Each structure stands twice: as structure tokens, then as C-alpha cells.
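*Asks:* what would the 3D arrangement of this be:
(4 chains, ligands or ions: 4)
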Amino acid sequence: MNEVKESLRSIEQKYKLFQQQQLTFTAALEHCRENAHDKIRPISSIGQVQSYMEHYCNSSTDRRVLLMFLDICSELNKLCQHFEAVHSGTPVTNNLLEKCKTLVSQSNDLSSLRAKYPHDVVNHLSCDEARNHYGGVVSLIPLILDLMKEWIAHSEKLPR
Amino acid sequence: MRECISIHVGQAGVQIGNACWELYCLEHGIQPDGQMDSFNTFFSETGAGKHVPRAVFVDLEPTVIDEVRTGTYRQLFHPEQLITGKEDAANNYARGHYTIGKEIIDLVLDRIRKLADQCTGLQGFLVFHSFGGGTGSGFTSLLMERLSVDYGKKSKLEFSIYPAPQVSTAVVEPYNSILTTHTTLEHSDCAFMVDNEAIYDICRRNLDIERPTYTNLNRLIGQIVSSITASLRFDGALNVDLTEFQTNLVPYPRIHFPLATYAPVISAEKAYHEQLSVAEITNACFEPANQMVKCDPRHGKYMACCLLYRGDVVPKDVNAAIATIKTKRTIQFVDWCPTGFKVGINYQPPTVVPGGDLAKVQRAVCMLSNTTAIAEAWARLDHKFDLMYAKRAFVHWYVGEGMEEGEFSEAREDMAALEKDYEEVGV
Amino acid sequence: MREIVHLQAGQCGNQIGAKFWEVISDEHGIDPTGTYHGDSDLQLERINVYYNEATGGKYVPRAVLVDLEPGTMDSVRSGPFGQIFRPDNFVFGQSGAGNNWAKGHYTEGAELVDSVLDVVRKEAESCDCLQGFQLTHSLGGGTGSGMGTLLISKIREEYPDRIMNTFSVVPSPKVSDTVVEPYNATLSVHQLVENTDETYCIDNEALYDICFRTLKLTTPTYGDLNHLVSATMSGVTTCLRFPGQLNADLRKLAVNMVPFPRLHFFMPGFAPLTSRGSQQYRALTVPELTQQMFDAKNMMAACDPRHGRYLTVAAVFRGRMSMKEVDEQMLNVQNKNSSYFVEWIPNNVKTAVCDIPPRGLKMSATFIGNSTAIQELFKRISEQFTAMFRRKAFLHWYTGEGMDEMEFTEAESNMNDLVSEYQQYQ
Amino acid sequence: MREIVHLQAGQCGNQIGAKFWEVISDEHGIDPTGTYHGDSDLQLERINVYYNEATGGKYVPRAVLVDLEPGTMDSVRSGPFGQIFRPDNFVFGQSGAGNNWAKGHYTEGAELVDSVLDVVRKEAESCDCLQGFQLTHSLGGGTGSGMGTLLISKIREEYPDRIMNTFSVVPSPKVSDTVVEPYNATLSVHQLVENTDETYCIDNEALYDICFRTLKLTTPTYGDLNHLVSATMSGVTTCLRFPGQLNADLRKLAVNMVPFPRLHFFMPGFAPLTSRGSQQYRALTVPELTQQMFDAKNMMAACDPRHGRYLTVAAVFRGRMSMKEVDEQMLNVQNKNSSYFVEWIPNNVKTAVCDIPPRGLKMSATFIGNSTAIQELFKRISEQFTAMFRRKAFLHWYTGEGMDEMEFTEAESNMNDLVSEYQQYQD
Ligand SMILES: Nc1nc2c(ncn2[C@@H]2O[C@H](COP(=O)(O)OP(=O)(O)OP(=O)(O)O)[C@@H](O)[C@H]2O)c(=O)[nH]1
Ligand SMILES: Nc1nc2c(ncn2[C@@H]2O[C@H](COP(=O)(O)OP(=O)(O)O)[C@@H](O)[C@H]2O)c(=O)[nH]1
Ligand SMILES: Nc1nc2c(ncn2[C@@H]2O[C@H](COP(=O)(O)OP(=O)(O)O)[C@@H](O)[C@H]2O)c(=O)[nH]1
Ligand SMILES: [Mg+2]
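*Replies:* Residues are numbered from 1 along each chain as shown, chains lettered A, B, ... in the order given. Ligands and ions are numbered 1, 2, ... in the order given. Structure data below:
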């Protein structure tokens, strides 16, 4: 479990960097939405975020932040395969693995997700902007980290 | 809360001090690299978890200070606490005391102030020297003159090395030891002495060693410093303070020179056979062979005794021992001190070292005793100078620095004034 | 109802103090955490003498501790039963004295006791009516003899008419553990005779003698020694806390055994003793106490009472026993021992009976005594003190701190009036 | 939000300004190209202070470099951080000042500055809330001194009420590396006192002394000399740009450090003089720091505190340190410095705490002060300037260009006016 845990700690450092650059990420998301001129629907797809970064990215720092966020998502997707082969698990473990796959899925939505109690992303982002436009993209990382910690605790409590 | 500050001046004091802090890290279980309450008395903490020793080594020659820098403990000692002397006094009292030492004595007080503000609570100062070295006799003298200026009442223990009665590695030692006693009388709080011959003699007949080094000497001396400071170092049944026995063991403003004696000096092969009772060790305490001052105890009169017991000792047979002691007629004390005894009891036994020659024993005992028999050694120190000063020997070396000519005889009158009172107080 | 305060002085006082509140917390059923768990309801009825009520059924001692060595106070902090003591009830100083009387009283005394009286008045006004004070001080130790007198002096000047019941350790022949002990002991008596209500001369040598000859322990460390000393204190102070068939509160105890305003030294004794040879061979009855009451093996002070007389003897017997059995055992020996007692005061013993026995024990007996055998202890203490001035030795530390030599001589004016007053009635 | 413009003159600050803009770019995580690769957005809120934005997400310098010798411009343009400055910031002339104040002022300076002054409106009018201007120059070099003081004249008249900060290197007692130093400095300080708000004095000799006695750097090249000078003025400006628990803007330092209008020469310092080999030997503690802000060695001029007189002191602390320990120890040191600080201004000092440290260091302090002994720095020039005019030296390089001899006699009176005021109000 330590081999996946090293990548988990690296992803924790990367998520800390993204939380520090949350304001820059929000500014980049607003600039991409203004360039795409489609503010009616909220951001819901990782594929939509990638398409926003490919064409509707304005600044070099914004492009770097979008690339860092996409690289964090790709590293999470790559570490999901290594976490899958750790243990066989129970039916609840399989359900949580399917939930992790759905959370890493680009086609699955993100607006219905919300930040956890330790996270302060809701306490940082704007009221209407996170309520209706881009709350889920900010909140997806901490819920995924909490689910990974819960899965690690479940595997630790589960006998091999 | 309590802390200890130690100053090492001279070639011996550096060489003696090397074995001392070797023991301190090993008793406290600290690696020489500087990492791993009871260590509060000797080490000041670094925010990364390191501890900086509270020891000051000042020497007028670099050849042994830089040797310490080549030791394994170079990752322990603070770089600014080692002061490199540009030129050595070379057993000339007036060189450091009047020409050479003024350049670097200003640097020493910067170290003292830096260590004092780091010290939130000060027990006292520890001073280490030998009576043969000019830096160990002269550079201390204007340091001990200086250490009275800033502080007047805090503890100052002048750990001394008395010259051996029959041998010496020096020639101008009767000049230097005379020049030592003038400053110690006027300024110094406490001063214990040992002589190299009895340190040579005990490791001959007790440890059965034919070929020691000076490290094999200084490992014994640092045990005494460990035993005296062990009350401040560790919680025990009867903890003592430096100011306590400075008030207690000293009788007079003139006489603050007691003797040192440690036990058990029993080797690792040797201790496996013995039966160690406290009555056994205290009967081994008062034998003249176990003292580290080669002078016959039956020449004078006993005045005081400090018995720093450490290990697993129960205070019953402690008291019956002194009662057994006081009955005998061979051991004579002074009538103006029928209460001439004090016993210290500390829980933790001393720790043996790898490569050492001592034994891992459950109980250890020290002796901090003053006796009027030391006049015979000091009568010799007056007589050796008298055989030297009659025909104006070696006067030219000291006077060339600038010190006056007739003031050599002033200390003779001052030494004889100290020697006059041993017939007054003693009789 | 009646509240009491425990002063403390000296490093040696800590080990006496820490074992004291260790012994008496057990006898009420208190854990070091501070949660009462016991069945006896009479303890909580009179728990307000010593402790102070806290939230959630916790109680905190009214113990005041003064010292100049944090290292033993750190041990008291790290002690097992020391975790019930109150934080500001500790009064600890950073600077030491050096086992000399002057440093604790004059130099370091000018600052630390201002932190003491604030702790006292904080504890004083929270009480109903303060019965008095206890201080465990010393005569051989420099700090305990030093501030203990100034602890006595300013409280007496602050509190006009109360009780002051102290426990002080006296010099001994063979357990001489300080050279300036005759210097420290004699001038401490100067502040005792004028200004102290009760002091109990416990001598170390008998404490060693009783653990060797009488309790027969193989390795009796000091924790055994303080186990006697604490129980001697509690025998004095169990009648104030516990009802008995014949109760005697401390004030009338202070009235009865203090006949004169000065000659109020006391010589304790407390012998429910049982050796490790003899758990079952004793016949634990009131008559065996009486033979053990006046045997020399049981008393706390290294003196032979056959060289004198007992002035006042109090025999508080605590346990289940009948008054007709109690008095008659002493009634016979008052008639029989017509020589060993004083003749100017007939009926030399007035007793007290307590019902509740100590925990871990069935029946126990105390002793409080003033006697006309304490001359030679006081005589031998004075004779070196005169002899230490002939050679004038060791006095320059006291002299060099700004003091007079006459203050060493004025005690000899006052101590000789103490020993000559014992000579008057003898 | 708050913007201030930097003008550059002389080859001196051309060597600081590459190192000085290294640190601010290092603090904001900026690559040598000029783009952003950082961790937080906190610096981006006030990254607009000394930059402007560019299209495509780029940040352009607010630093204009002017010299009459084009050699140092291109070297700065081709330096380690040479591809960052925008290419109209550089202005280069033809005939250098040649260490002559006259040459760079009237016959050659006037042709350059009119094109330079057009760059001033291009940079000033871009800023919304333009607080003022800074200028790094030299008193030893001709172009930095003579042409710099002309800029001091022209900018203040057109922009009257702003803040003018000058970080100027000053001539030294024993590192006098130009023959005309009392001619160059006096013809500038005649206009420096008149027309400058904030002036900072940098002594070369102390910088050599700092890197020797405490840093012990083996090869102190000018990259190391520019390193601390940049770091001191980096810590001055971080309270304007980076938020701290107790903040102070640039005018905030300007108002309180200046009691009288003609006394605005400041003496700075930087606190962590920690060596490369004894980082783990130092407890990273503010009780170490205060004796390091006020030691006999940590100053940056030839002005001893015992030869000086501390009117005002600003101690800008940088890093994560506690409030109470600093505030009491600042109260501590003013008390024990009874005769070192002045008496007619009680509560002399300002503490300043900025939360964010410099990179690679936990806590950091800058000691900035005004002392009368800057006149003792000046009296070395003053005893050298007056006697040199008596023997009629070097007039042809100056009086051959066209100024009358009378205002040179005004300067030795105007420089005498400055030292008269320090001496008058010293008592
Ligand atoms: N006990 C003990 N004595 C020592 C030791 N080393 C030297 N001595 C004694 O010290 C005396 C000389 O003192 P040193 O300190 O060696 O002389 P020094 O410091 O070189 O004096 P200078 O030449 O002026 O610098 C000799 O007579 C030795 O007996 C030691 O390690 N232990
Ligand atoms: N009852 C009792 N007496 C003790 C104990 N420890 C030491 N003493 C006595 O106290 C004396 C020393 O007192 P000291 O520590 O110098 O007093 P201080 O200087 O005020 O702390 C010795 O003579 C011992 O006989 C103990 O644990 N219990
Ligand atoms: N400490 C320091 N002094 C410098 C530096 N550059 C120049 N100087 C000083 O400035 C003087 C020369 O000034 P210069 O740079 O040529 O200015 P300019 O002639 O006006 O262009 C010399 O005496 C140097 O002491 C530097 O990088 N560091
Ligand atoms: Mg030497």
C-alpha cells in the first residue's frame, strides 16, 4: 500500500498547491467561460474542462494552472488502477471503487458534489459562483481525497 | 531550570576536559553527533533538536584545540566556543598575565555573556586547570580576577591539579604554583586538587595497569566532576547545591582547598569476586591508598568529609558507618568541628564506557575532604621555592614582560601568611 | 466548619509533605486523578478540614509549599500523588540558598514570600473559620530553618490568636548530616520558643533505629521513614476530623499539653508497629499497648527518659475499644510509676479515644509528650554552639552577608534562658 | 494597487539592480524570462507594485536604466537576468561622466535626460496610485552622482508631493577607490539634502567587513556584495507589498524617521548573519536576534554605536515569530541601552512584523536607523574636502566646464551646515 501511498502524498502536495492557486484557477475558469461565451450551463465535465483549456485558454499562468489541474486528475486516474489491484475487497469496497471510477469519470457530472467539513473551498469561493457555475470543479478534489482516505482505512481494517 | 558553566584553561584543562564531556553525553545517552530535563544542566538546546554543550575551552596554543576539532565530537562542540590562541605563553606566567593574554581575554567575556543570557538559571562556574602550565596558572589568574568583577557570589569551583610531591614534568612549577596561590586566595570560591602521582599510583595497584595514557588518567578525574555535579544532574534522595558545600566544606576565607578521593577503583575482572557493602566501601574510603593526593593522612587532622553516595544505597548503614568511623582513635578530627560529616545520596549509578577499564558496579562513592595534613605538601611548596630563590634563579624570564622584581617575595610573605595559620587554627 | 492550612519548607519537607498527603488521601479514598470512589460516608462529612471542594466531586489540598530547589519540586510535580496539588499552591523559587540560614531569610526572602501570602489569602478567605496552620520545617537544613521562621513570623503578625502546630526535625548524635547544623539549629530555636504554638521534635536516628531494630526491614529507604512521620502527624489530627468515644480537638490539646508560654516542645510517638517476623504472634489488645506505650523502642527522639521525667503525656488511642479498658490500663501505671513522671502535676495522662481505625490496620496508638529528659539534648546542642564561637569558625558567610555577630550571641542569651527554665523545675 | 517607479543611474546600481531584481523575482516565483511558476496567489495580489502586466499573461519590469557609457547597459542586457527588461527601459549616451560631476551634468547630461524624462511620463502615467519614485545611485561614480542629482532636481519640481527614496552607496574611510570622492560626494550632497525624501547610506568597507568576520565566505565576489545590499532593501519594501500582522508603508517609515527636514540619511543592517557551517549550531530564536541588531559588528557603516547616537530605529521583522516575545524584548533592549538611544524621544523604536519570510529562512530582521555618527562618516569627507580645496586640486576638470568658484565655497559651507545641525541638536 506504500507504493500507492507515495503517489497519494504527492497528490496531496499537488492538491495543496491547487488549493493555494484556487483563486487563479477560478479566474482561469471565468476567463475560459467568457471566451467560450456559454455561461448558461455550469461546468460539469472533465472533458469540457479539457476542451476549455485547449482552445479558450487566455493567459500563460491560466494555461499552467489548467495543465496542473488536468495533470492532477490524470494522476488520480492513473493511481486508481494501482489502488484497484491492492485488495479484492467486499461489496462495499467494490461499490466505493465504482464511486471512485465515477468521480474520476469525465462524462460524469460534478455539480451535485460538495466540499467536506475540513475543506474550506465553500468558505473561499463566491456564493453564486460556486452555487451555480463552478463549485463542483473546485470541490471534486477534496471529496476524492476523503474517499481515498476512507478506502485506505477500510482496507486497513479489512483482514487480508 | 538549573544549568552549569565550565571553563577549561591550559593544556591539561583541554586534555582533562576531553574526557569529561565524553562521559556527559554517554551518561545522558547522547550521541556525539549532538542528538539522541536531566540534560538541562549541561546542554543548551537547538530548535532542530540538537543540544549545545556549556563548556568553554580557551588555550593560548592551537595544537590541542584544533586536535579537538579533529575529534569525533567536532559535530558537537560549538565553533565559537573554541578560542584559538595566536601565541602560547609557554609556561611563562607573566606572558599571558601581562603581555599575551590581553588580546583574547576580551573574546572570552563575549563567550561568557553569550552563554549567560542563554542560561535562564545559573548554579555557578566550573574552572579547570593544572598547577604546572603557565596558561593554566597565569591566564586563569586574570580570568579569575575578571570573573569576580562581573559576578561576586555565584559558585566558582577551581578544579586544580596539584603537582606531585616527588615527580613533575616542569621546572618553573615552584614559581607558577606560588603565583597561582595569590589569586586564588583573593578571589576564588572553591578549589579541589589531585596530584598526578597518586593518579599514577592507584591505577598501578588497583586497576593493575602498567601502561596508561593521559586519557586513562582523565577518565578517572571526570568521574569526580560527575559525582559532584550528579546532585544537580539527577534527582536523588539527598540533592546538594554548589553553594551548599561551598558554604559547608570550606571552613574559612583562606582555606578553600580540600582533597578528592573516589571509590570503587575496582576493575571489570576484579569486581566480579568482591562483596560490595556500603560499610565495605566506606572502610575502603579512609585508607590512604585510595586518595588521589599523595600525602600521609596521619600528619594532620581531619576537618570535614563529604560522602557523595550514588547508586542503590539505603540510608540506614550510611549512618552506622560514620558512627563506626567516629569511634576509632587512629582517625583524628578537629575539636572545633564534631559535626564534620555530610552524605549525599543519588539514585543513578555511574555508567561505564566501551574501551574503559572500570567496572559496572551498583554503588559508587566520592570524598571531598579537607585536612590539615596538606600543610606538609605546602611546606614542600614553600621549601622548593626557598631552594630556588636564594640565588636569583630564572628571574630574567618573567621580568622581561614587565612585571616587577621584588613582588616575587611578596607572594612568599603571602604564602607564609597562609602557612602561619595552620599552627594557629591547628593548635 | 474548621479549616486548616499546611505550610511546607525545605527539600526535606517535600518528602515529608508528599508522603503525608499520600497517606491521608488513601484514608479517605481518593485517587491521584481526583475521583472519589469509596464506601465510608463519614470521611466526606469532615473532608472540609484539609481539602477544598472542586467541580465534579473533586477536592484539592490546602497545602502550601515553599522551597529554593525546583529539582525536588519537579519531582513533587512528577510525583504520583502530587497531581492532586493545586498549581499556584506550589511556591517554588529559581534561586537557591546554599544550606545557610541567611540566604533564605534576608536576600531571597525579600521576594518569594510576597508570592506566598497571596496564595495564603487566596486560600484564607475561601474558608469558613481557619483553625490554624501546620509547617514542616527543620533545624539542620539551611532553607527549612531559614524561611520557616519568617513563615512563622509574618503569619503570627498577620494572625493574632490561632493555632500554629509544626513538625520540626532535630539534630542527632550519629546522623549528623551538616557541619553548620549546630549553627542552623540553635538560632532557629530562637524564633521557635517565642513565637510557635506547637512543634514536634522528631529525631531521625530513632526513625532509623525503629526501622532496623523494631520494624526489621531489609532495605528501608526514606519512603518507609516518611511513612512513620506522616502517621504521627495524622494521629495528632484525627480527633479534629473523626468522631470518637473521647474526642479532643487541637485547641484543647494545645491548651492541655502547653502549660507554659515557652516550654512547648513536643516529643512524639506512634507505635502500631509490627515486624515482618511477627505478623501473628502479637496479641493486639489495649494492655499490650500500655507496655508498648512507655517502652523506649517506640518513641521518636533519641533520648533515654530514665534520666528525667515526663511532664505531660497524651495517649490518643484510635480504634474499637472500651473506655473502662482504656483508662484502667493507664490508671494502674500512674500509681505504679511514681518515679518516672513529674510529681507537681498528678494524673499525668489525659487521654482521647477515636473510633475509626486507619486504613490497612485494625487498632493503633499515638503519643504526645513534653518531658524533663530534653535538657541534655538541648544541653549538647548549646555546648558546641558556644564552642563554635570560641574559634569563631564558619561565621564569615553569615557575617559577610551584612549581618551582626551579636545575633549569634543574642540566641545564646535566649537559648540559655530556655535551658535554665528546664533547670528550674528539675 | 500601489505602484512606485525605479530609475537607475551609474554602473554601481546596475550591479545591485540585477541582483536586487533577482530577489523580488525570486520572492514572486518568476522565471528569468519573466513568466510565472509559483505556489500561491497571495503574491499575485500585490505583484503589480513593481511590475506591469503584458498581453499573453506576462509581467514587465518597472525599472529604467540610464548611463552615458553604454557598456554596463548591454552587460545588464546580456546578464544572467538580462532577457527580462523591456527594451525601451534602456537609455545609453555617448560620452561618459568619467568620474567627473561636471562632465555628466551640464554638457553631456542635458542631452540624455530629455529623452529620459519622456520615459518618466511613460512609466509614471501608467500607474494609478503612484506613491513616488526610487533611485539607486552612487557617490563615487560620476554618472550615478552627477546625472542622478539632476534627475532628483527635475522629478521633484514636476511631481511635488510624492515619496523619494534613494539607496546610495557612500565613500568609505579605507576603501577609497576614486581620487575625486570628496569632489563627487559634496557636489551631490549639496543637492541630496536639499531635494530628497528618503536617503539610505551604504558603506563599501562595512560590507567587506560583514562577509569576513561573520559570514566567513572564502571568495567574496561582487555577487556576494550585491546579495546582502539587495536583501536589505528587499526587506524594506516587503512591508509595502506583502501583508503582515503589523504593517508600515514607505511613507510610514518616512514620517517617523525624520524629525528635522535636513536629517534624512539612514543607516541599515540585516539580521541573520548565519554561517554556512554553523546553521545547526544556532538556536533560531529572537532572543538571539536583538543582540545581533545592536552588536558592535552588525552595522553597515563605519559608525560605532559608542561613537554614535541613535535617534530613531526601525526593526522590520520578517517570518513567523510570536508577538509578545518580540515586543517585550524590544522593550528590553531600549532599557539596557540607556545611553545608546536618545533621551528626548521616549519610545524611540518601531517594530514591524511581516508574516511571509524570505525564501529559505524561518525568521528575518532588518535593523534600520538614523545616527549622528553619519556625520562622523561625513567628517572624514569634511576634513578631507576642506584641506584639499586649500591646495587648489583638480579645478580644471570642473572649473574648465563653466561653473563659478563661489558655489564650491557654498558646498563646503552647506556640508558644514549639515554637520553643524547634528552637533547642535546632539545636546
Ligand atoms: N591530571 C592531569 N594533569 C595533567 C594533564 N596534562 C598535563 N597535566 C599536568 O599539567 C602540568 C603542565 O600543565 P599544562 O596544561 O600541560 O601546560 P600548558 O597549558 O601547555 O602551559 P603553557 O605551555 O604555558 O601553555 C604538567 O606538569 C602535568 O602534570 C592531564 O591530562 N591530567
Ligand atoms: N523525616 C525526614 N527527614 C529528612 C528526609 N530527608 C532528609 N531529612 C533530614 O533533613 C536534613 C537535611 O535538611 P535539608 O534538605 O538540608 O533542608 P533544606 O535545605 O531546607 O531543604 C537531614 O539532616 C535529614 O536528617 C526525609 O525524607 N524525611
Ligand atoms: N559595494 C559596491 N560598490 C560598487 C559597486 N559598483 C560600483 N561601486 C562603487 O562605485 C564606484 C564607481 O562607481 P560607478 O559604478 O562606476 O558609477 P558611475 O561611474 O557613475 O557609472 C567605485 O568606487 C565602487 O566602490 C558594487 O557592485 N558594489
Ligand atoms: Mg598550554
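*Asks:* list the buried ones in stretch C:221-236?
*Replies:* With burial defined by 16 or more other CB atoms under 10 Å in any protein chain shown, the residues of stretch C:221-236 counted as buried are C:221-222, C:224-236. Placement of C-beta: from N, CA and C, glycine included.
*Asks:* residue boundaries of the strands in the stretch 151-300 of chain C?
*Replies:* Per DSSP state E, counting those that start in this stretch, the stretch 151-300 of chain C carries strands over the ranges C:163-170, C:198-203, C:265-266, C:269-270.
*Asks:* list the contacts of residue A:72.
*Replies:* A:11, A:14, A:15, A:18, A:141 (CB atoms under 8 Å, 6 or more residues apart in numbering or on different chains).
*Asks:* which ones among these lie within helices?
*Replies:* The helices, defined by DSSP state H, take in A:11, A:14, A:15, A:18, A:141 from the contacts of residue A:72.
*Asks:* next, format those residues as TSV and append neighbour count and distance to ligand 2.
*Replies:* Shown next, in TSV, are the ones in helices among the contacts of residue A:72 (neighbours: other CB atoms under 10 Å in any protein chain shown; distance: CB to the nearest ligand atom, whole Å):
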residue	neighbour count	distance to ligand 2
A:11	18	61
A:14	17	61
A:15	18	59
A:18	17	63
A:141	23	63
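*Asks:* between those, which is nearest ligand 4?
*Replies:* Taking CB to the ion as the measure, ligand 4 lies nearest residue A:14 of those, at 60.9 Å.
*Asks:* tell me if I'm right that that closest one and residue A:67 touch.
*Replies:* No. Using CB atoms under 8 Å, residue A:14 makes no contact with residue A:67, being 11.9 Å away.
*Asks:* quick check: neighbours shared by those two?
*Replies:* With contacts defined as CB under 8 Å, 6+ apart, no residue is shared by residue A:14 and residue A:67.
*Asks:* what's the closest non-adjacent residue to the residue in the stretch 1-150 of chain C that ligand 1 sits nearest to?
*Replies:* Here the residue of the stretch 1-150 of chain C nearest ligand 1 is residue C:98; by CB to the nearest ligand atom that distance is 28.3 Å. Residue nearest to residue C:98 in three dimensions, not counting chain neighbours: residue B:243, with 2.9 Å by CB to CB, 6 or more residues apart in numbering or on different chains.
*Asks:* so what secondary structure elements neighbour the one helix or strand the one you found maps to?
*Replies:* According to DSSP states H and E, residue B:243 maps onto helix B:242-248. Helices and strands touching helix B:242-248, by 3 or more CB pairs under 8 Å, 6 or more residues apart in numbering or on different chains; DSSP states H and E, are strand B:122-128, strand B:155-162, strand B:302-311.
*Asks:* one more time with 6 Å
*Replies:* In this structure, helix B:242-248 makes packing contacts with strand B:155-162, judged by 3 or more CB pairs under 6 Å, 6 or more residues apart in numbering or on different chains; DSSP states H and E.
*Asks:* is the following helix or strand past the strand it packs on anywhere near ligand 1?
*Replies:* Later in the chain than strand B:155-162, the nearest helix or strand by DSSP H and E is helix B:173-187. No. Using CB under 6 Å from any ligand atom, helix B:173-187 stays clear of ligand 1, coming no nearer than 6.6 Å.
*Asks:* for ligand 2, what is the nearest residue in the stretch 201-350 of chain B?
*Replies:* Using CB to the nearest ligand atom, the closest approach of the stretch 201-350 of chain B to ligand 2 is made by residue B:238 at 6.4 Å.
*Asks:* quick one: that residue and residue B:344 touch, right?
*Replies:* Yes. Contact status for residue B:238 versus residue B:344: in contact at 5.2 Å, counting by CB atoms under 6 Å.
*Asks:* which of these two has more neighbours?
*Replies:* residue B:344 (24 against 18; other CB atoms under 10 Å in any protein chain shown).
*Asks:* can I get the ones in helices among the contacts of residue A:72 in CSV including distance to chain C?
*Replies:* As requested, these are exported to CSV (distance: CB to the nearest CB, whole Å):
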residue, distance to chain C
A:11, 44
A:14, 46
A:15, 43
A:18, 46
A:141, 45
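*Asks:* close to ligand 1, is stretch B:129-148?
*Replies:* Yes. Stretch B:129-148 reaches ligand 1 (CB under 6 Å from any ligand atom) through B:130, B:132, B:133, B:134, B:135, B:136.
*Asks:* which element follows the helix holding residue B:243 toward the C-terminus?
*Replies:* The helix or strand immediately downstream of helix B:242-248 is strand B:259-263, counting by DSSP H and E.
*Asks:* would that following strand count as contacting ligand 1?
*Replies:* No. Strand B:259-263 is not in contact with ligand 1 by CB under 6 Å from any ligand atom; minimum separation 10.9 Å.
*Asks:* element containing residue B:16?
*Replies:* For residue B:16, the host element (DSSP H and E) is helix B:11-27.
*Asks:* neighbours around the residue nearest to residue C:98, how many?
*Replies:* 24.
*Asks:* so which bits of the stretch 251-400 of chain B are right by chain C?
*Replies:* Contact residues (CB under 6 Å from any CB of the partner chain) of the stretch 251-400 of chain B with chain C: B:251, B:253, B:304, B:314, B:316, B:319, B:323, B:336, B:339, B:340, B:341, B:342.
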